[PDB]
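The file structure.pdb comes next; it holds PDB, C-alpha atoms.
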```pdb
ATOM      1  CA  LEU A   1     -18.678  26.347 -60.087  1.00  0.00           C
ATOM      2  CA  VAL A   2     -17.629  22.710 -60.225  1.00  0.00           C
ATOM      3  CA  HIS A   3     -19.243  19.759 -58.497  1.00  0.00           C
ATOM      4  CA  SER A   4     -18.231  16.097 -58.604  1.00  0.00           C
ATOM      5  CA  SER A   5     -18.770  13.230 -56.155  1.00  0.00           C
ATOM      6  CA  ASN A   6     -15.706  11.419 -57.551  1.00  0.00           C
TER       7      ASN A   6
ATOM      8  CA  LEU B   1     -27.350  25.812 -55.904  1.00  0.00           C
ATOM      9  CA  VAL B   2     -26.301  22.176 -56.041  1.00  0.00           C
ATOM     10  CA  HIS B   3     -27.915  19.225 -54.313  1.00  0.00           C
ATOM     11  CA  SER B   4     -26.903  15.563 -54.421  1.00  0.00           C
ATOM     12  CA  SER B   5     -27.442  12.696 -51.971  1.00  0.00           C
ATOM     13  CA  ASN B   6     -24.378  10.885 -53.368  1.00  0.00           C
TER      14      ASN B   6
ATOM     15  CA  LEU C   1     -24.786  17.491 -50.063  1.00  0.00           C
ATOM     16  CA  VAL C   2     -26.109  21.012 -50.506  1.00  0.00           C
ATOM     17  CA  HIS C   3     -24.209  24.083 -51.627  1.00  0.00           C
ATOM     18  CA  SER C   4     -25.488  27.633 -52.088  1.00  0.00           C
ATOM     19  CA  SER C   5     -23.736  31.012 -51.956  1.00  0.00           C
ATOM     20  CA  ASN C   6     -27.035  32.724 -51.060  1.00  0.00           C
TER      21      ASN C   6
ATOM     22  CA  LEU D   1     -23.326  27.511 -47.345  1.00  0.00           C
ATOM     23  CA  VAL D   2     -22.277  23.875 -47.483  1.00  0.00           C
ATOM     24  CA  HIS D   3     -23.891  20.924 -45.755  1.00  0.00           C
ATOM     25  CA  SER D   4     -22.879  17.262 -45.862  1.00  0.00           C
ATOM     26  CA  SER D   5     -23.417  14.395 -43.413  1.00  0.00           C
ATOM     27  CA  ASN D   6     -20.353  12.584 -44.809  1.00  0.00           C
TER      28      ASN D   6
ATOM     29  CA  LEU E   1     -28.810  15.791 -58.622  1.00  0.00           C
ATOM     30  CA  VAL E   2     -30.133  19.313 -59.065  1.00  0.00           C
ATOM     31  CA  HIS E   3     -28.233  22.384 -60.185  1.00  0.00           C
ATOM     32  CA  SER E   4     -29.512  25.934 -60.647  1.00  0.00           C
ATOM     33  CA  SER E   5     -27.760  29.313 -60.515  1.00  0.00           C
ATOM     34  CA  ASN E   6     -31.059  31.024 -59.619  1.00  0.00           C
TER      35      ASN E   6
ATOM     36  CA  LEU F   1     -14.654  28.046 -51.528  1.00  0.00           C
ATOM     37  CA  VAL F   2     -13.605  24.409 -51.666  1.00  0.00           C
ATOM     38  CA  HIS F   3     -15.219  21.458 -49.938  1.00  0.00           C
ATOM     39  CA  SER F   4     -14.207  17.796 -50.045  1.00  0.00           C
ATOM     40  CA  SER F   5     -14.746  14.929 -47.596  1.00  0.00           C
ATOM     41  CA  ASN F   6     -11.682  13.118 -48.993  1.00  0.00           C
TER      42      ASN F   6
ATOM     43  CA  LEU G   1     -31.375  24.113 -64.462  1.00  0.00           C
ATOM     44  CA  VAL G   2     -30.325  20.477 -64.600  1.00  0.00           C
ATOM     45  CA  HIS G   3     -31.939  17.526 -62.872  1.00  0.00           C
ATOM     46  CA  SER G   4     -30.927  13.863 -62.979  1.00  0.00           C
ATOM     47  CA  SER G   5     -31.466  10.997 -60.530  1.00  0.00           C
ATOM     48  CA  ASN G   6     -28.402   9.186 -61.927  1.00  0.00           C
TER      49      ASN G   6
ATOM     50  CA  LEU H   1     -16.114  18.025 -54.247  1.00  0.00           C
ATOM     51  CA  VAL H   2     -17.437  21.546 -54.690  1.00  0.00           C
ATOM     52  CA  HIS H   3     -15.537  24.618 -55.810  1.00  0.00           C
ATOM     53  CA  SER H   4     -16.816  28.167 -56.271  1.00  0.00           C
ATOM     54  CA  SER H   5     -15.064  31.546 -56.139  1.00  0.00           C
ATOM     55  CA  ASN H   6     -18.363  33.258 -55.243  1.00  0.00           C
TER      56      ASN H   6
ATOM     57  CA  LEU I   1     -20.139  16.326 -62.805  1.00  0.00           C
ATOM     58  CA  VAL I   2     -21.461  19.847 -63.249  1.00  0.00           C
ATOM     59  CA  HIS I   3     -19.561  22.918 -64.369  1.00  0.00           C
ATOM     60  CA  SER I   4     -20.841  26.468 -64.830  1.00  0.00           C
ATOM     61  CA  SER I   5     -19.088  29.847 -64.698  1.00  0.00           C
ATOM     62  CA  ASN I   6     -22.387  31.559 -63.802  1.00  0.00           C
TER      63      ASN I   6
ATOM     64  CA  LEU J   1     -22.703  24.648 -68.646  1.00  0.00           C
ATOM     65  CA  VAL J   2     -21.653  21.011 -68.783  1.00  0.00           C
ATOM     66  CA  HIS J   3     -23.268  18.060 -67.056  1.00  0.00           C
ATOM     67  CA  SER J   4     -22.255  14.398 -67.163  1.00  0.00           C
ATOM     68  CA  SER J   5     -22.794  11.531 -64.713  1.00  0.00           C
ATOM     69  CA  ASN J   6     -19.730   9.720 -66.110  1.00  0.00           C
TER      70      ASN J   6
END
```

Would you write out, as structure tokens, the structure that this file holds?
Amino acid sequence: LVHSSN
Amino acid sequence: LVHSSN
Amino acid sequence: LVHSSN
Amino acid sequence: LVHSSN
Amino acid sequence: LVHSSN
Amino acid sequence: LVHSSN
Amino acid sequence: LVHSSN
Amino acid sequence: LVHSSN
Amino acid sequence: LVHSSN
Amino acid sequence: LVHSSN
């Protein structure tokens, strides 16, 4: 899992 | 689970 | 944003 | 499941 | 931001 | 699964 | 579990 | 951005 | 940013 | 697990 708003 | 309003 | 694999 | 209003 | 694998 | 609004 | 409003 | 192989 | 292999 | 808002 990876999350980033960039 | 991930939540973000960004 | 919401993510869930459930 | 994914939700986003973007 | 909230993350949980539960 | 991949999601991005970019 | 992680929570942050940043 | 979200990625998961689940 | 969040990463987890769980 | 890694989290960073940077």

Answer key for the PyMOL selection byres ((chain A and resi 2) around 6), residues as an mmCIF file with C-alpha atoms, keeping the file's coordinate frame:
```
data_model
loop_
_atom_site.group_PDB
_atom_site.id
_atom_site.type_symbol
_atom_site.label_atom_id
_atom_site.label_comp_id
_atom_site.auth_asym_id
_atom_site.auth_seq_id
_atom_site.Cartn_x
_atom_site.Cartn_y
_atom_site.Cartn_z
ATOM 1 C CA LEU A 1 -18.678 26.347 -60.087
ATOM 2 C CA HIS A 3 -19.243 19.759 -58.497
ATOM 3 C CA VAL H 2 -17.437 21.546 -54.690
ATOM 4 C CA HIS H 3 -15.537 24.618 -55.810
ATOM 5 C CA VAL I 2 -21.461 19.847 -63.249
ATOM 6 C CA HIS I 3 -19.561 22.918 -64.369
#
```

Which centre and edge lengths in Å to one decimal define the box along x, y and z that fits every listed atom of chain F plus 4 Å per side, as lines of an AutoDock Vina configuration file?
```
center_x = -13.5
center_y = 20.6
center_z = -49.6
size_x = 11.5
size_y = 22.9
size_z = 12.1
```

**Item:** Chain and number of each residue from the PyMOL selection byres ((chain J and resi 6) around 10), as a ChimeraX atom specification
**Value:** /A:4,6 /G:6 /I:1 /J:3-5
